[PDB]
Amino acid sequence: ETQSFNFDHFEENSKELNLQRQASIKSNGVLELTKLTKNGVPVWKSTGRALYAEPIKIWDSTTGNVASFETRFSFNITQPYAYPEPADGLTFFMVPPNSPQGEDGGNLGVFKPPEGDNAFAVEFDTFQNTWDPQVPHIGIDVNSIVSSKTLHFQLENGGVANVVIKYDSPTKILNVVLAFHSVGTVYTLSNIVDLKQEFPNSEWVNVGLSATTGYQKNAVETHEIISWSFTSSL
């Protein structure tokens, strides 16, 4: 039937959120995906992911139907400095269960250089790689870091961002909306995605949030997740 988790805030232990690497839960009830310092000294090349414990049912083989989902979350990215040049970004992704971790930096901890695992991600790219358009930008990544579509947006440094991602099985429409209410700005980007086709060998996937800091000293930024709700309708 339906599957829906909601995190008005975050709490340790909570056997619902599965943390990987640098990901951890601050005392603020905030989920910190990456680290800016570790052990007393500055750090970089940090990586963190937070996957939801339960796998989500994307499509059913029996009746050949597909699930229509909607996920919402608030993030706070802060960029300490200008030069070097902050990196790398944040992403919402989906991957088959027990599927290998992605690379660092530009691969937002989700994709691997050699087409390894079917992965789907919605990125918020802060660093311009050799394959990226001006940044920062929103990108719909379908089995590749090379977004199938992108949209440039102004980032409100240290300001709260509201993200809404919606998928309608019937129309195969994936729409992403980014809002910065304080300043009152709205960014909307949509494309066509066929979940069954992009995830042909998996009726179940693990939903998650991922982020990474740069490959060079000080090519970093903060990646905080305040709240996160999701709901699929198969």
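One rule holds for the numbers: they count along the sequence shown, beginning at 1.
- The mean Cα B-factor in the deposited entry runs higher for 96-104 than for the other of 96-104 and 77-85.
- Stretches compared: 216-224, 11-19. Higher mean C-alpha B-factor in the entry: 11-19.
- Which of 189, 36, 53, 192 has the largest Cα B-factor in the deposited entry comes down to 53.
- As recorded in the entry, 202 carries the highest CA temperature factor of 185, 175, 202, 46.
- The PDB entry assigns residue 57 a C-alpha temperature factor belonging to the highest third of its chain's modelled residues.
- The deposited CA B-factor of residue 133 belongs to the lowest third of values across its chain.
- Sort the modelled residues of the chain by CA B factor and residue 141 lands in the middle third.
- The deposited CA B-factor of residue 157 belongs to the middle third of values across its chain.
- When all modelled residues of the chain are sorted by CA temperature factor, residue 180 is found within the lowest third.
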